[PDB]
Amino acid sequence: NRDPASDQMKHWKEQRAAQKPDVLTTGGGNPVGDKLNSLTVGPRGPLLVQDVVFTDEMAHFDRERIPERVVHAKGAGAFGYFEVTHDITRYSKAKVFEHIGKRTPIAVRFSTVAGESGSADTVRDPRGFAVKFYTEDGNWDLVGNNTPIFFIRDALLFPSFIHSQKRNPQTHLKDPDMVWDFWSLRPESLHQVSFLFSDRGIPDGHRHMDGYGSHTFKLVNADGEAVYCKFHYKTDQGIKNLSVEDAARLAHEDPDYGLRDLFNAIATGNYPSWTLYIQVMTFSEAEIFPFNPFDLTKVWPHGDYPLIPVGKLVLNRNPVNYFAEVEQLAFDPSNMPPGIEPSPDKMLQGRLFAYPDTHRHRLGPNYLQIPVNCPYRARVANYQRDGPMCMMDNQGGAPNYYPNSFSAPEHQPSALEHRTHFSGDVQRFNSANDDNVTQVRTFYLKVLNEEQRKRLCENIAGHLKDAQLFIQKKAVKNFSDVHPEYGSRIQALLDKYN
């Protein structure tokens, strides 16, 4: 015997030992007489159009591939449940939270960011940690990361940021000039760059890292009272990281280390779990916060805003077909049931648009009809119709305009959004010159210890040394702005590379 992942086919056969293999058919259900030899006129004669077995199979093979995710292309999935353990009904009326012990099925997808479908799991990169809750009030997608923060605080910078990470448009190589030119010109990135080049930049698989919603969200209770919140889901397996040496080895030795580790853990009954927490910030406290509390480069200090337990996320089922159940998984931040709403975070506001938009491209207009995407715990009833690959009854003969006198679906006032007041000029407000260094200094000096600071500066120097000197100089000036010794440490390492 090997690992469970290695014995996938052996176990499939054993489960089906007395199955009596199925008859091999065309897509049209016609049985096939011989799928090993093409139809020709004589043994050394030409192939015929009449070989509809060959073209049925080859035309489908020719169409197997769909566009990979524009980002987080490389990933691993599992299914399980969310279990409420504690009462947050004073903050949120959302059905998902409504009583202790209540279970909601989830889907989870873990990923890297920059690498395309064939890249390695054990590389330095943020990790996607996306959770789909199939609630009675529809799907709630909490599209999280293994960091509470990000590199930028306006969505207009996002395409550029990703371009700067991904391949040179001429050469198709990774380009340290592109990476550090962008980061040196945009020092709001200093906080997450500091997280990224620390030890938690290369987690030991998906089970040994935390998840965060990252953004400020809004919770609304049964009285229509709102608070702002952050979602934290902490690993029950504990934080564990790979050394740059071990990460490098696994990169060529098992590019799919993360996939394999998650599958085997679930197959052997070593089910991974996380505790979901919220931080709560009053509208009054949001006015007094010394930063923009909607700035994605900032955390809420735990001292001032302690973690409040909510429940348990448990992954206890592997995918049966990876393409159907994982590759086709679509998470939309805009999928929020009553009791959960967006904040004015400029990055989050951008995501409300981007995810359903890319899903209509990558998957198709009717992507929400793919079974893993279906809000299967809710009754979908509305005035939407048709589109390519329309899958179910398309809501039959139901009146397709609103309003109508013919008893078709009706809106539900209790689901109305929470009323928040705004005043100001309609303008592109500059956010570039908000505090870029303060929280990063507390991380560098207080959170990490000496050996972590040393590895951090070695990790950055190791990559930054490949950029031109003028980029190296601008970068070091940013690290110096957080703390003189953070800068001078990097600069000394840079000096003996150059």
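In case it trips you up, residue 1 is the first one in the sequence shown, and so on.
Looking at 249-257 and 384-392 together, the entry lists the larger mean B-factor for 249-257, computed on C-alpha atoms. 174-182 and 106-114 differ in mean CA B-factor, and the higher of the two is recorded for 174-182. As recorded in the entry, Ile460 carries the highest CA temperature factor of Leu48, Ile66, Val53, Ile460. Ranking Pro356, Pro365, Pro337, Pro413 by Cα temperature factor from the entry places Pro413 first. Among the modelled residues of its chain, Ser38 has a C-alpha B-factor that falls in the middle third according to the deposited record. In the deposited entry, the Cα temperature factor of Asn478 places it in the highest third of its chain's modelled residues. Compared with the other modelled residues of the chain, the Cα B-factor recorded for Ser488 ranks in the highest third.
Ranked against the other modelled residues of its chain, the C-alpha B-factor of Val70 as given in the entry falls in the middle third.
Among the modelled residues of its chain, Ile288 has a C-alpha B-factor that falls in the highest third according to the deposited record.
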